[PDB]
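See below for my_file-v4.pdb, which holds PDB, C-alpha atoms and all ligand atoms.
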MODEL        1
ATOM      1  CA  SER A   2     142.156  54.713 132.849
ATOM      2  CA  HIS A   3     143.426  57.928 131.257
ATOM      3  CA  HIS A   4     144.775  56.715 127.914
ATOM      4  CA  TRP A   5     145.693  59.103 125.042
ATOM      5  CA  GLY A   6     143.096  60.159 122.547
ATOM      6  CA  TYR A   7     141.774  63.259 120.771
ATOM      7  CA  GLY A   8     139.957  65.356 123.490
ATOM      8  CA  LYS A   9     140.497  68.272 125.897
ATOM      9  CA  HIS A  10     142.061  66.238 128.572
ATOM     10  CA  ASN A  11     143.799  63.530 126.541
ATOM     11  CA  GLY A  12     144.407  64.920 123.002
ATOM     12  CA  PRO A  13     147.597  65.939 121.234
ATOM     13  CA  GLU A  14     148.658  68.710 123.594
ATOM     14  CA  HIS A  15     148.693  66.081 126.437
ATOM     15  CA  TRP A  16     150.689  63.445 124.708
ATOM     16  CA  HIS A  17     154.167  64.627 125.779
ATOM     17  CA  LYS A  18     153.457  63.525 129.412
ATOM     18  CA  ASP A  19     153.270  59.798 128.436
ATOM     19  CA  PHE A  20     155.416  60.155 125.235
ATOM     20  CA  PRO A  21     158.020  62.770 125.761
ATOM     21  CA  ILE A  22     159.365  62.336 122.221
ATOM     22  CA  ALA A  23     156.182  64.354 121.354
ATOM     23  CA  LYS A  24     158.479  67.503 121.681
ATOM     24  CA  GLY A  25     161.302  65.766 119.688
ATOM     25  CA  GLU A  26     163.379  66.875 116.769
ATOM     26  CA  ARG A  27     161.593  65.104 113.910
ATOM     27  CA  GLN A  28     157.883  65.056 114.826
ATOM     28  CA  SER A  29     154.973  64.755 112.372
ATOM     29  CA  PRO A  30     152.825  66.139 110.809
ATOM     30  CA  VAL A  31     154.178  69.440 109.498
ATOM     31  CA  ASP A  32     152.976  72.335 107.451
ATOM     32  CA  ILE A  33     154.374  71.992 103.906
ATOM     33  CA  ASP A  34     155.484  75.476 102.882
ATOM     34  CA  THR A  35     155.441  74.877  99.108
ATOM     35  CA  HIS A  36     157.562  77.943  98.326
ATOM     36  CA  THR A  37     160.412  76.797 100.739
ATOM     37  CA  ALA A  38     160.286  73.015  99.673
ATOM     38  CA  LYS A  39     163.415  72.453  97.508
ATOM     39  CA  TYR A  40     162.892  70.702  94.168
ATOM     40  CA  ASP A  41     165.384  67.813  94.203
ATOM     41  CA  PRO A  42     166.190  66.525  90.708
ATOM     42  CA  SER A  43     167.951  63.492  92.287
ATOM     43  CA  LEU A  44     164.598  62.171  93.692
ATOM     44  CA  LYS A  45     163.300  59.187  91.651
ATOM     45  CA  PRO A  46     159.714  58.547  90.597
ATOM     46  CA  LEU A  47     157.770  56.825  93.434
ATOM     47  CA  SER A  48     157.173  53.095  92.744
ATOM     48  CA  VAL A  49     153.919  51.818  94.074
ATOM     49  CA  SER A  50     153.464  48.110  93.303
ATOM     50  CA  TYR A  51     149.972  47.190  94.672
ATOM     51  CA  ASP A  52     148.804  44.497  92.022
ATOM     52  CA  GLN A  53     149.213  41.690  94.503
ATOM     53  CA  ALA A  54     147.993  43.355  97.714
ATOM     54  CA  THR A  55     146.051  41.050 100.055
ATOM     55  CA  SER A  56     143.791  42.848 102.400
ATOM     56  CA  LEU A  57     142.641  40.810 105.406
ATOM     57  CA  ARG A  58     140.546  42.700 107.891
ATOM     58  CA  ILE A  59     139.255  46.081 108.939
ATOM     59  CA  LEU A  60     139.503  47.181 112.554
ATOM     60  CA  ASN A  61     138.137  50.030 114.609
ATOM     61  CA  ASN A  62     141.009  50.516 117.120
ATOM     62  CA  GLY A  63     139.291  53.325 118.979
ATOM     63  CA  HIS A  64     141.364  56.130 117.254
ATOM     64  CA  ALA A  65     140.686  55.391 113.566
ATOM     65  CA  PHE A  66     139.962  52.298 111.397
ATOM     66  CA  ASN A  67     142.805  50.243 109.861
ATOM     67  CA  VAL A  68     142.522  48.197 106.717
ATOM     68  CA  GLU A  69     145.159  45.445 107.307
ATOM     69  CA  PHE A  70     147.154  43.541 104.799
ATOM     70  CA  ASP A  71     149.034  40.348 104.623
ATOM     71  CA  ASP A  72     152.638  41.435 104.759
ATOM     72  CA  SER A  73     154.191  37.893 105.184
ATOM     73  CA  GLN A  74     155.279  37.975 101.536
ATOM     74  CA  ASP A  75     156.682  40.695  99.237
ATOM     75  CA  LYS A  76     153.300  41.653  97.563
ATOM     76  CA  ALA A  77     152.279  45.341  97.981
ATOM     77  CA  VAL A  78     155.542  47.328  98.031
ATOM     78  CA  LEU A  79     156.630  50.928  97.955
ATOM     79  CA  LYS A  80     160.104  51.795  96.676
ATOM     80  CA  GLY A  81     162.065  54.390  94.664
ATOM     81  CA  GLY A  82     161.111  57.983  95.396
ATOM     82  CA  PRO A  83     163.369  59.090  98.298
ATOM     83  CA  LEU A  84     163.688  55.483  99.570
ATOM     84  CA  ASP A  85     166.515  53.018  99.692
ATOM     85  CA  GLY A  86     165.354  49.475  99.438
ATOM     86  CA  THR A  87     161.831  48.103  99.766
ATOM     87  CA  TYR A  88     158.937  48.810 102.054
ATOM     88  CA  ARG A  89     156.019  46.461 102.520
ATOM     89  CA  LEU A  90     152.384  47.709 102.973
ATOM     90  CA  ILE A  91     150.970  46.593 106.400
ATOM     91  CA  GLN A  92     147.861  48.797 106.861
ATOM     92  CA  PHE A  93     146.124  51.979 105.831
ATOM     93  CA  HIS A  94     143.928  54.353 107.787
ATOM     94  CA  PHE A  95     142.590  57.890 107.662
ATOM     95  CA  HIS A  96     142.429  61.027 109.805
ATOM     96  CA  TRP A  97     139.425  63.315 109.399
ATOM     97  CA  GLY A  98     137.503  66.226 110.689
ATOM     98  CA  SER A  99     134.133  67.040 112.263
ATOM     99  CA  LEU A 100     133.717  69.509 109.381
ATOM    100  CA  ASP A 101     135.012  69.564 105.815
ATOM    101  CA  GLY A 102     137.356  72.473 106.575
ATOM    102  CA  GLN A 103     139.689  70.383 108.739
ATOM    103  CA  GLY A 104     140.844  66.867 109.258
ATOM    104  CA  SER A 105     144.230  66.433 107.479
ATOM    105  CA  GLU A 106     147.401  66.198 109.578
ATOM    106  CA  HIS A 107     149.806  67.642 107.065
ATOM    107  CA  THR A 108     148.833  71.075 105.753
ATOM    108  CA  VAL A 109     149.914  72.770 102.503
ATOM    109  CA  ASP A 110     150.740  76.532 102.977
ATOM    110  CA  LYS A 111     148.467  76.171 106.101
ATOM    111  CA  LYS A 112     145.573  74.712 104.032
ATOM    112  CA  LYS A 113     143.762  71.903 105.866
ATOM    113  CA  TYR A 114     142.094  69.191 103.818
ATOM    114  CA  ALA A 115     138.915  67.272 104.840
ATOM    115  CA  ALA A 116     140.922  64.149 105.572
ATOM    116  CA  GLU A 117     144.192  62.400 105.044
ATOM    117  CA  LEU A 118     144.944  58.790 104.101
ATOM    118  CA  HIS A 119     148.127  57.076 105.419
ATOM    119  CA  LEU A 120     149.437  53.912 103.657
ATOM    120  CA  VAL A 121     151.912  52.537 106.126
ATOM    121  CA  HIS A 122     154.879  50.466 104.956
ATOM    122  CA  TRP A 123     157.821  48.899 106.780
ATOM    123  CA  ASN A 124     161.420  48.453 105.583
ATOM    124  CA  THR A 125     161.997  44.784 104.653
ATOM    125  CA  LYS A 127     165.643  45.082 105.831
ATOM    126  CA  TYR A 128     164.257  45.003 109.438
ATOM    127  CA  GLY A 129     162.260  41.763 109.017
ATOM    128  CA  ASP A 130     158.914  42.975 110.523
ATOM    129  CA  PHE A 131     156.960  46.047 111.576
ATOM    130  CA  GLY A 132     157.791  45.797 115.256
ATOM    131  CA  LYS A 133     161.527  45.908 114.690
ATOM    132  CA  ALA A 134     161.250  48.452 111.926
ATOM    133  CA  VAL A 135     159.635  51.167 114.142
ATOM    134  CA  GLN A 136     162.764  51.148 116.299
ATOM    135  CA  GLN A 137     164.852  52.365 113.369
ATOM    136  CA  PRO A 138     165.167  55.900 111.876
ATOM    137  CA  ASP A 139     164.507  54.597 108.341
ATOM    138  CA  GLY A 140     162.004  51.820 109.481
ATOM    139  CA  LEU A 141     158.786  53.072 107.912
ATOM    140  CA  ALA A 142     157.641  54.859 104.757
ATOM    141  CA  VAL A 143     154.169  56.368 105.058
ATOM    142  CA  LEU A 144     152.466  57.566 101.898
ATOM    143  CA  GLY A 145     150.086  60.409 102.737
ATOM    144  CA  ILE A 146     147.241  61.384 100.304
ATOM    145  CA  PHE A 147     144.894  64.326 101.025
ATOM    146  CA  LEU A 148     141.112  63.980 100.627
ATOM    147  CA  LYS A 149     138.900  66.868  99.562
ATOM    148  CA  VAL A 150     135.139  66.745  99.337
ATOM    149  CA  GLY A 151     133.597  66.821  95.832
ATOM    150  CA  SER A 152     132.950  63.866  93.501
ATOM    151  CA  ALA A 153     132.826  60.351  95.066
ATOM    152  CA  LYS A 154     135.852  58.048  95.054
ATOM    153  CA  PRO A 155     134.348  54.768  93.659
ATOM    154  CA  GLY A 156     137.347  52.857  94.947
ATOM    155  CA  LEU A 157     136.566  54.005  98.500
ATOM    156  CA  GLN A 158     132.992  52.816  98.650
ATOM    157  CA  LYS A 159     133.659  49.198  99.772
ATOM    158  CA  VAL A 160     135.521  50.713 102.784
ATOM    159  CA  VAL A 161     132.609  53.120 103.488
ATOM    160  CA  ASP A 162     130.015  50.387 103.193
ATOM    161  CA  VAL A 163     131.650  48.128 105.858
ATOM    162  CA  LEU A 164     131.951  50.871 108.585
ATOM    163  CA  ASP A 165     128.461  50.335 110.078
ATOM    164  CA  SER A 166     129.829  46.790 110.947
ATOM    165  CA  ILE A 167     132.782  48.250 113.000
ATOM    166  CA  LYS A 168     131.042  51.186 114.599
ATOM    167  CA  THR A 169     132.669  50.940 118.012
ATOM    168  CA  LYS A 170     136.111  50.458 119.579
ATOM    169  CA  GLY A 171     137.549  46.887 119.085
ATOM    170  CA  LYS A 172     135.170  45.779 116.373
ATOM    171  CA  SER A 173     136.657  44.037 113.353
ATOM    172  CA  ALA A 174     135.443  42.483 110.151
ATOM    173  CA  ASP A 175     136.746  40.379 107.286
ATOM    174  CA  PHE A 176     137.951  42.642 104.521
ATOM    175  CA  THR A 177     139.481  40.716 101.655
ATOM    176  CA  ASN A 178     140.200  41.548  98.017
ATOM    177  CA  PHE A 179     140.251  45.333  98.687
ATOM    178  CA  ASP A 180     142.422  46.946  96.081
ATOM    179  CA  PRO A 181     144.290  50.031  97.421
ATOM    180  CA  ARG A 182     145.137  51.230  93.831
ATOM    181  CA  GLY A 183     141.532  52.595  93.775
ATOM    182  CA  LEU A 184     142.550  55.182  96.445
ATOM    183  CA  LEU A 185     145.481  56.785  94.506
ATOM    184  CA  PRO A 186     145.274  60.057  92.596
ATOM    185  CA  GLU A 187     146.491  60.301  88.992
ATOM    186  CA  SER A 188     149.885  61.979  89.708
ATOM    187  CA  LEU A 189     152.615  60.591  92.053
ATOM    188  CA  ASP A 190     154.326  64.015  92.399
ATOM    189  CA  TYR A 191     155.242  64.221  96.112
ATOM    190  CA  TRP A 192     157.007  66.148  98.955
ATOM    191  CA  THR A 193     159.189  64.137 101.334
ATOM    192  CA  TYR A 194     160.783  64.756 104.751
ATOM    193  CA  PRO A 195     161.992  62.725 107.758
ATOM    194  CA  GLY A 196     159.411  62.542 110.617
ATOM    195  CA  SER A 197     157.477  60.355 112.960
ATOM    196  CA  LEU A 198     154.344  58.318 113.646
ATOM    197  CA  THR A 199     151.541  60.937 114.250
ATOM    198  CA  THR A 200     149.988  58.868 117.075
ATOM    199  CA  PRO A 201     151.585  57.576 120.222
ATOM    200  CA  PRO A 202     154.205  56.130 120.512
ATOM    201  CA  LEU A 203     155.220  58.968 118.139
ATOM    202  CA  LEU A 204     158.423  57.083 117.179
ATOM    203  CA  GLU A 205     160.810  58.989 114.889
ATOM    204  CA  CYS A 206     161.026  56.178 112.319
ATOM    205  CA  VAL A 207     159.103  57.514 109.276
ATOM    206  CA  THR A 208     160.136  58.754 105.811
ATOM    207  CA  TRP A 209     157.074  60.744 104.869
ATOM    208  CA  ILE A 210     156.031  60.875 101.238
ATOM    209  CA  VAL A 211     153.006  63.216 100.763
ATOM    210  CA  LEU A 212     151.375  63.394  97.417
ATOM    211  CA  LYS A 213     150.630  66.801  95.975
ATOM    212  CA  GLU A 214     147.402  65.731  94.214
ATOM    213  CA  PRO A 215     144.448  65.139  96.593
ATOM    214  CA  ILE A 216     141.777  62.586  95.837
ATOM    215  CA  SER A 217     138.120  63.641  95.803
ATOM    216  CA  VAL A 218     135.572  61.883  98.021
ATOM    217  CA  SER A 219     131.852  62.686  98.278
ATOM    218  CA  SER A 220     130.197  64.432 101.226
ATOM    219  CA  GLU A 221     128.178  61.122 101.802
ATOM    220  CA  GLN A 222     131.497  59.136 101.953
ATOM    221  CA  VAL A 223     133.114  61.389 104.639
ATOM    222  CA  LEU A 224     129.793  61.663 106.539
ATOM    223  CA  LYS A 225     129.927  57.846 106.913
ATOM    224  CA  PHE A 226     133.479  58.170 108.440
ATOM    225  CA  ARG A 227     131.961  60.567 110.982
ATOM    226  CA  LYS A 228     129.332  58.033 112.134
ATOM    227  CA  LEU A 229     132.095  55.892 113.650
ATOM    228  CA  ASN A 230     132.568  55.882 117.385
ATOM    229  CA  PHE A 231     135.691  56.283 119.551
ATOM    230  CA  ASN A 232     133.852  54.478 122.384
ATOM    231  CA  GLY A 233     133.216  50.648 122.677
ATOM    232  CA  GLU A 234     129.768  49.095 122.300
ATOM    233  CA  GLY A 235     127.566  49.764 125.289
ATOM    234  CA  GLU A 236     129.365  53.044 126.186
ATOM    235  CA  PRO A 237     128.067  56.554 125.560
ATOM    236  CA  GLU A 238     128.507  57.658 122.033
ATOM    237  CA  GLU A 239     131.583  59.747 121.268
ATOM    238  CA  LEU A 240     131.662  60.331 117.500
ATOM    239  CA  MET A 241     134.996  59.447 115.848
ATOM    240  CA  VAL A 242     135.836  62.940 114.383
ATOM    241  CA  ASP A 243     138.887  65.241 114.659
ATOM    242  CA  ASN A 244     141.321  62.352 115.073
ATOM    243  CA  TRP A 245     144.203  64.403 113.603
ATOM    244  CA  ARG A 246     147.349  65.744 115.212
ATOM    245  CA  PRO A 247     148.104  69.414 114.266
ATOM    246  CA  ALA A 248     151.262  70.551 112.498
ATOM    247  CA  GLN A 249     154.435  70.332 114.629
ATOM    248  CA  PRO A 250     157.639  72.416 114.453
ATOM    249  CA  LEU A 251     159.744  71.710 111.419
ATOM    250  CA  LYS A 252     163.018  72.263 113.458
ATOM    251  CA  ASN A 253     165.001  73.031 110.266
ATOM    252  CA  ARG A 254     164.459  69.728 108.547
ATOM    253  CA  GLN A 255     164.086  70.368 104.809
ATOM    254  CA  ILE A 256     161.062  69.230 102.846
ATOM    255  CA  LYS A 257     162.093  68.142  99.300
ATOM    256  CA  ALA A 258     159.778  68.176  96.259
ATOM    257  CA  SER A 259     159.877  65.612  93.469
ATOM    258  CA  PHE A 260     158.522  68.241  91.029
ATOM    259  CA  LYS A 261     159.301  71.755  89.575
TER     260      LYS A 261
HETATM  261  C1  LIG B   1     154.862  51.567 117.168
HETATM  262  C2  LIG B   1     153.890  50.510 117.416
HETATM  263  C3  LIG B   1     154.143  49.219 117.904
HETATM  264  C4  LIG B   1     153.009  48.430 118.057
HETATM  265  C5  LIG B   1     153.228  47.030 118.581
HETATM  266  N1  LIG B   1     151.753  48.903 117.740
HETATM  267  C6  LIG B   1     151.556  50.145 117.261
HETATM  268  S1  LIG B   1     150.002  50.986 116.788
HETATM  269  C7  LIG B   1     150.573  52.599 116.211
HETATM  270  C8  LIG B   1     150.847  52.429 114.736
HETATM  271  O1  LIG B   1     150.912  51.301 114.289
HETATM  272  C9  LIG B   1     150.900  53.576 113.763
HETATM  273  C10 LIG B   1     151.175  53.401 112.384
HETATM  274  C11 LIG B   1     151.163  54.553 111.578
HETATM  275  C12 LIG B   1     150.876  55.797 112.130
HETATM  276  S2  LIG B   1     150.793  57.277 111.112
HETATM  277  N2  LIG B   1     149.417  58.053 111.703
HETATM  278  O2  LIG B   1     151.953  58.091 111.470
HETATM  279  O3  LIG B   1     150.565  56.798 109.719
HETATM  280  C13 LIG B   1     150.631  55.944 113.479
HETATM  281  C14 LIG B   1     150.585  54.793 114.297
HETATM  282  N3  LIG B   1     152.674  50.857 117.137
HETATM  283 ZN    ZN B   2     148.015  58.240 110.265
ENDMDL
END
Go ahead and express the file in the form of structure tokens.
Amino acid sequence: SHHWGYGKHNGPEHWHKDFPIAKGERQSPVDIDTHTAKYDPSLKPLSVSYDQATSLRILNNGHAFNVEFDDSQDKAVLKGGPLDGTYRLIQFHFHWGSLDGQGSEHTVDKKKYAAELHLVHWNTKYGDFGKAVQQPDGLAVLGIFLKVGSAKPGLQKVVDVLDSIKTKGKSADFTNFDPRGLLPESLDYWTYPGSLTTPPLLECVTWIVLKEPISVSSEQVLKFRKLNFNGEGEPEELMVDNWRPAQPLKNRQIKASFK
């Protein structure tokens, strides 16, 4: 049993052996060189319509925790921005560090943030998530950086349920969670074509990364770091440093919605 993860012998530098697309032409994350990102006056404002989002459950999957949504109806949708058509929210999750100085997957002029939130959405033209990931425009992931400072009040219900899903394969009911509480004020963004940042690393993602980070407290991110990558009754491996580092841009162009 030598499944992928985030250590010496199974972390990101090992993934190409099971998932050769790891060395592909549109892999994520990337460093966002803000001086080289082209302002693109044809980009539209991002449309985030989360009023009717229905969260269902929260799950420790052994790599992160996912807050899952009902996506059987057109309720929590992302559109506009660089996108054609309409993408439905299915789950969100985070990547974070063992220390405040690292943890994000994307970087901004090589700056690492303490964590990074991914709101994952699938293109409704493909009928469901599983079919969507097989298509080059199947997913739109909205990435939002976290820095440590003042608490994010909208985050606290998530933080408070983590002790209930400490270990791999634990889940809990998680209804009426409103993801609008996790958004910064500005929807200014950079966008580029890339991939899922975990295996299977499929090249199916339009990345939209917001320029404005949200602030979370030290106590909030400390609670993320009390999670476990192991299952109950196994030796404790703290769930930290579950981020993939920046991958080669390979001449793709990152576009900015601003400036
Ligand atoms: C492709 C695929 C098919 C099935 C049946 N399950 C999963 S779990 C991995 C995943 O859902 C996922 C979603 C978003 C990201 S990210 N980190 O790029 O936002 C990474 C993995 N993935
Ligand atoms: Zn992610």
Check your understanding: Which residues fall under the PyMOL selection byres (((not hetatm)) within 6 of (chain B and resi 1)) in this file, as a list in words?
Key ->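 Taken on the displayed file, the PyMOL selection byres (((not hetatm)) within 6 of (chain B and resi 1)) yields the residues residues 119, 121, 132, 135, 143, 198, 199, 200 and 202 of chain A.
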Name the residues in contact with segment 66-72 of chain A at a cut-off of 7 Å, using all atoms listed in the file, excluding same-chain residues fewer than 5 positions from it; report them as a PDB file with C-alpha atoms, in the frame of the given file.
ATOM      1  CA  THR A  55     146.051  41.050 100.055  1.00  0.00           C
ATOM      2  CA  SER A  56     143.791  42.848 102.400  1.00  0.00           C
ATOM      3  CA  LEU A  57     142.641  40.810 105.406  1.00  0.00           C
ATOM      4  CA  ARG A  58     140.546  42.700 107.891  1.00  0.00           C
ATOM      5  CA  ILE A  59     139.255  46.081 108.939  1.00  0.00           C
ATOM      6  CA  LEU A  60     139.503  47.181 112.554  1.00  0.00           C
ATOM      7  CA  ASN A  61     138.137  50.030 114.609  1.00  0.00           C
ATOM      8  CA  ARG A  89     156.019  46.461 102.520  1.00  0.00           C
ATOM      9  CA  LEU A  90     152.384  47.709 102.973  1.00  0.00           C
ATOM     10  CA  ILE A  91     150.970  46.593 106.400  1.00  0.00           C
ATOM     11  CA  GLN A  92     147.861  48.797 106.861  1.00  0.00           C
ATOM     12  CA  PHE A  93     146.124  51.979 105.831  1.00  0.00           C
ATOM     13  CA  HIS A  94     143.928  54.353 107.787  1.00  0.00           C
TER      14      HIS A  94
END
Exercise for review: Find the residues around residue 6 of chain A up to 10 Å (all atoms listed in the file counted), leave out those fewer than 3 positions away in its own chain, and share them as a PyMOL selection string.
Suggested key: chain A and resi 3+9-13+15-16+63-64+200-201+231+244-245
At a cut-off of 10 Å, using only C-alpha atoms, what residues contact residue 117 of chain A? Leave out same-chain residues fewer than 6 positions from it and give the result as a PDB file with C-alpha atoms, in the coordinates of the input.
ATOM      1  CA  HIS A  94     143.928  54.353 107.787  1.00  0.00           C
ATOM      2  CA  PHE A  95     142.590  57.890 107.662  1.00  0.00           C
ATOM      3  CA  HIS A  96     142.429  61.027 109.805  1.00  0.00           C
ATOM      4  CA  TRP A  97     139.425  63.315 109.399  1.00  0.00           C
ATOM      5  CA  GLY A  98     137.503  66.226 110.689  1.00  0.00           C
ATOM      6  CA  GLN A 103     139.689  70.383 108.739  1.00  0.00           C
ATOM      7  CA  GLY A 104     140.844  66.867 109.258  1.00  0.00           C
ATOM      8  CA  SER A 105     144.230  66.433 107.479  1.00  0.00           C
ATOM      9  CA  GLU A 106     147.401  66.198 109.578  1.00  0.00           C
ATOM     10  CA  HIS A 107     149.806  67.642 107.065  1.00  0.00           C
ATOM     11  CA  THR A 108     148.833  71.075 105.753  1.00  0.00           C
ATOM     12  CA  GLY A 145     150.086  60.409 102.737  1.00  0.00           C
ATOM     13  CA  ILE A 146     147.241  61.384 100.304  1.00  0.00           C
ATOM     14  CA  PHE A 147     144.894  64.326 101.025  1.00  0.00           C
ATOM     15  CA  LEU A 148     141.112  63.980 100.627  1.00  0.00           C
ATOM     16  CA  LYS A 149     138.900  66.868  99.562  1.00  0.00           C
ATOM     17  CA  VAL A 211     153.006  63.216 100.763  1.00  0.00           C
ATOM     18  CA  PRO A 215     144.448  65.139  96.593  1.00  0.00           C
ATOM     19  CA  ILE A 216     141.777  62.586  95.837  1.00  0.00           C
ATOM     20  CA  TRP A 245     144.203  64.403 113.603  1.00  0.00           C
TER      21      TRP A 245
END
Practice item. Run through the PyMOL selection byres (((chain A and resi 225) around 12) and not hetatm) on the given coordinates and return the selected residues as a ChimeraX atom specification. Key: /A:97-99,157-168,218-224,226-230,240-242
**Study point:** Test item: residues at most 12 Å from residue 187 of chain A, only C-alpha atoms, excluding those fewer than 3 positions along its chain, as a ChimeraX atom specification
**Key:** /A:146,182-184,190-191,212-217
Check your understanding: Between A:4, A:75, A:110, A:81, which is the closest to residue 49 of chain A once you count only C-alpha atoms?
Key ->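 Ranked by minimum distance to residue 49 of chain A, first place goes to A:81.
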Practice item. Name the residues captured by the PyMOL selection byres (((chain A and resi 31) around 9) and not hetatm) when it is applied to the shown file; answer as number ranges by chain. Key: A: 28-30, 32-33, 106-109, 196, 247-251
Check your understanding: Which of these residues is nearest to residue 83 of chain A, using only C-alpha atoms: A:237, A:46, A:181, A:155?
Key ->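 For residue 83 of chain A, the nearest of the given residues is A:46.
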Box dimensions and centre (Å, one decimal) enclosing segment 241-259 of chain A, axis-aligned, 5 Å extra per side, as AutoDock Vina command-line options:
--center_x 150.0 --center_y 66.2 --center_z 104.7 --size_x 40.0 --size_y 23.6 --size_z 32.4
Check your understanding: From the list A:256, A:100, A:144, A:54, which residue is nearest residue 76 of chain A when using all atoms listed in the file?
Key -> A:54
Practice item. Would you please work out which residue, of A:124, A:253, A:259, A:197, is nearest to ligand ZN 2 (chain B) when using only C-alpha atoms and all ligand atoms? Key: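 Smallest separation from ligand ZN 2 (chain B) among the options: A:197.
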Practice item. Have a look at A:136, A:48, A:255, A:173 and name the one nearest to residue 204 of chain A; count all atoms listed in the file. Key: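 Looking at the shortest contact to residue 204 of chain A, the residue is A:136.
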Exercise for review: Tell me, in Å to one decimal, how far atom CA of residue 85 of chain A is from atom CA of residue 142 of chain A.
Suggested key: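 Calculated distance between atom CA of residue 85 of chain A and atom CA of residue 142 of chain A is 10.4 Å.
Considering only C-alpha atoms and all ligand atoms, the residue among A:128, A:209, A:194, A:260 positioned nearest to ligand ZN 2 (chain B) is A:209.
One distance worth recording is that between atom CA of residue 37 of chain A and atom CA of residue 206 of chain A, which is 23.7 Å.
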Exercise for review: In Å, rounded to a single decimal, give me how far atom CA of residue 208 of chain A is from atom CA of residue 195 of chain A.
Suggested key: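 A separation of 4.8 Å between them.
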Practice item. Tell me which protein, DNA and RNA residues are within 9 Å of residue 131 of chain A, counting all atoms listed in the file, leaving out same-chain ones fewer than 5 positions away, and put them as a PyMOL selection string. Key: chain A and resi 91+122-125+140-141
Around the point (165.6, 60.0, 114.5) in the file's coordinates, collect all residues with an atom within 8 Å, using all atoms listed in the file, and return them as a PDB file with C-alpha atoms, keeping the file's coordinate frame.
ATOM      1  CA  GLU A  26     163.379  66.875 116.769  1.00  0.00           C
ATOM      2  CA  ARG A  27     161.593  65.104 113.910  1.00  0.00           C
ATOM      3  CA  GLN A 137     164.852  52.365 113.369  1.00  0.00           C
ATOM      4  CA  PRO A 138     165.167  55.900 111.876  1.00  0.00           C
ATOM      5  CA  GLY A 196     159.411  62.542 110.617  1.00  0.00           C
ATOM      6  CA  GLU A 205     160.810  58.989 114.889  1.00  0.00           C
ATOM      7  CA  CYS A 206     161.026  56.178 112.319  1.00  0.00           C
TER       8      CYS A 206
END
